[PDB]
Structure formats: structure tokens, C-alpha cells
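One chain is shown next in C-alpha cells, namely the form deposited in one PDB entry.
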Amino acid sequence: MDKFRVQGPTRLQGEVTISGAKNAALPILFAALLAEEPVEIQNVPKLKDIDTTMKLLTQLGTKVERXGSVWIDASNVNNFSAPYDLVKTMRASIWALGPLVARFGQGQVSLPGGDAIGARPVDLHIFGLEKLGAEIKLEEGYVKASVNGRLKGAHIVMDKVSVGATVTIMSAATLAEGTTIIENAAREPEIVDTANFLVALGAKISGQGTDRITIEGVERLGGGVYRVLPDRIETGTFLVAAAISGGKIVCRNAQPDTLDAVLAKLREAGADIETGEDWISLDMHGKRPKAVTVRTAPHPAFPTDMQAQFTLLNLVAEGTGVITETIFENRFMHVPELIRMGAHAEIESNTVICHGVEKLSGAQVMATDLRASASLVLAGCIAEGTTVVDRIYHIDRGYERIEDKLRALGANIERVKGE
């Protein structure tokens, strides 16, 4: 049971290199099943889900190898089943369905029981495929999709915005006969990245990033080299580590345009920011941050995924700031942990009222949420004394060796194994 021991306070400054987005890497990895020729997916982070996906792919008969890049050769897919033994701890598994039936005419994916830690419906995916002409077979714990020949482009109106189903429908539509129009498509920068990857392979797709995605099917996709986009939330997490520590940081391998709202929010906090084609610079000038008002909402507005981070910023800022969750419920569970560190806050309705204090005090903390947990480490860096962040495996799930990045920024951090 790994833990993080942090010695504070320490100013976080210097350089950090941003890892690729797991969330853009996953769907691209699955989409590669469409590729007739070898493919090189660069900038893929070293995370658990990537491994599971690697195993899943190999199981299909795909040739797979990795380092910074992941090499894929899907020329010989022979097996069409994603056994219960894989879709286990990985929702993303579902992404194998579409490419399979779209390219091979048949695909089968395992589905966790009606109520076993993942009763999460995948109805949208299924119905989207059916809409594209796939024959669907459901028996409960398994889902089969098949088609005689090619899938057929369709005008598909989404009743619920879904990053997951948008990927499934868009991916499968590239090999279908005709044009597919996806109304109410998810807008995520990850969707854009996946669409771009598809286009690099020879697909015809437009509207990515808007409410409307249009795909014109082609007979086949080739191979090539594609670089996965920068991790927007990781970038944001680092920018915040600098903004709460009076530091100066430059984020390398970054993508400014996927962070507009977070940047303007940082500026409101008093931060000095500059951006280039592939980098972002933040400078606090030794200054404490100014309390800010935050309203999370659908991309391209302020991302709920940066919430815990900004909550921490407000907590050590000059003045009072309120964070409102306009879409999600129960997103403040971690706050008590911060209060144990000396923070002043009130949780009311879909909001957290932040009364900034001068300095935090170290303590033994723990959060299950990826973002909130990472935030506890950030706090540990600026708090006075020793802070022990427990159960950090949650962080390792979406953060590529974060202790090493922090360290290179000046943090006094230690990965403590066993106990």
C-alpha cells in the first residue's frame, strides 16, 4: 500500500514535461484496430489502462509493442472476442466493439453483471451501432454486434452527450457506406484528437469539436504515425502547483488551446502567463494567489476535472472564493481532509465557500478521487511540516510518475512502500 511522504513548505518551480492524455490514447488505441498497415502511436503515457488495452489488443490477434510510443500492427486480427477477463476493471473495453464489427463484420464484448461494481450502461454504444446497421445480440453479460458486409451511414441524433458513444459511433462510421451525422456529439479535445488520428489514416471526418460530427465512409484505413495530444488536466495540475507556491513554471509538450478557461481562471488569480505553440509559462512573482470564483461546465468552459485543484488554490489565497459545480453532485468529499490541514471552508449545496488562509499544516490525508488525491499532494508541498498522503495508487492510475515531476520542481517528496 504505497504512500507519499511530503516535507513542506517548498516553492514549486522550474520545468515539467506534460505526458500524453490517457483519455485520448485509449480511444486511439482501439481505433487502431481499423488500421490495415502498421501504426505508431507516439506520446502514450505509461499507465495501467494502457497495459490492459495492450493485453486486450494482443488477445485479438494484434501485434503489440511499446517503449515512449506504442507500436501497433492490426493486419492479422483473428480473434473477435473481448473476454470477461479483460473488460474487468476497464470501461474503455467497450471501444473494441465498433472497429471490430466495422472492419471484420463481427465483434463480441463482455459486460459486467447488472449490479457488480460497474452497472454503468453502455446503451448508447449499442444503439449507435444498431443505427449503423449492425445486428445486435444481447444475452446479459455479453454483447454481440455483427453485420453482413459494410455498415451503413446514418443520421444519428444523440439524446445524451456521451464522450464514449461519440467515439464508438464515429470510429465505426469511418468504414461504413455513406455519410454518418452525429448530432449532439461530445466536444472534448480528446474527441478532436481521435477524429484527427482517424483522418491521418485516411478517414473523412469534419465537425470534430463542434455539436455536429459528419463522417463519409471509406473502404479502408492505412497506417502511419500519430502523436497523442497533451494531457490538459495534468498541465492544469502543474500550473496550479506553481500558482499556489509563488513559483514560476514552464509546461513543456503542452497544448494551450485545450485550456482556455483554466488559463483565464489562472490570470484572475493574479498569475502571469505566456504561451507558445507547445508550451505554457506561469509566474506568481513570489505572490500569494488571489481568490477566484469558479463555475464548472461542459467543455470548452471550465472543466470539472480541475475543480479540486482550484478549490485548493482558493484555500490558500487572499480572500474568499466560491466554487460551484453546475453539473456534478457530491464532488467535494475531499474538503474535510483539507480542513484537517487548516483550511477554512463551508460546503453548501453544489458549492464550496473558500476562505483563504496564509499557510496549511501537514497531516495524514487520503482521498479516493484521482484529482482530489493529487490535490492533497500539492497541499502537502505547501503545508508546514510533514504530510502523508495515503493510498496513492489512485493517483498512479492517471498520473505518470508524479513524484518525479514534483521532485524536479523542488518538492521534498518520498514514495513509501509497504507501510
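Throughout, we count residues from 1 along the sequence that is shown. Under this definition, the rigid core comprises the largest set of C-alpha atoms superposing within 1.5 Å between the forms.
The discussion below concerns the form deposited in another entry, not included here.
Once the two forms are fitted on their rigid core, between the shown form and the other one the CA displacement reaches 2 Å or more only for 116 among 225, 116, 157, 264. Figure legend: C-alpha atoms of residue 124 and residue 117, shown here, are separated by at least 3 angstroms less in the other entry. Note on residue 119 and residue 159: their C-alpha atoms are nearer in the other entry, a change of at least 3 Å from this conformation.
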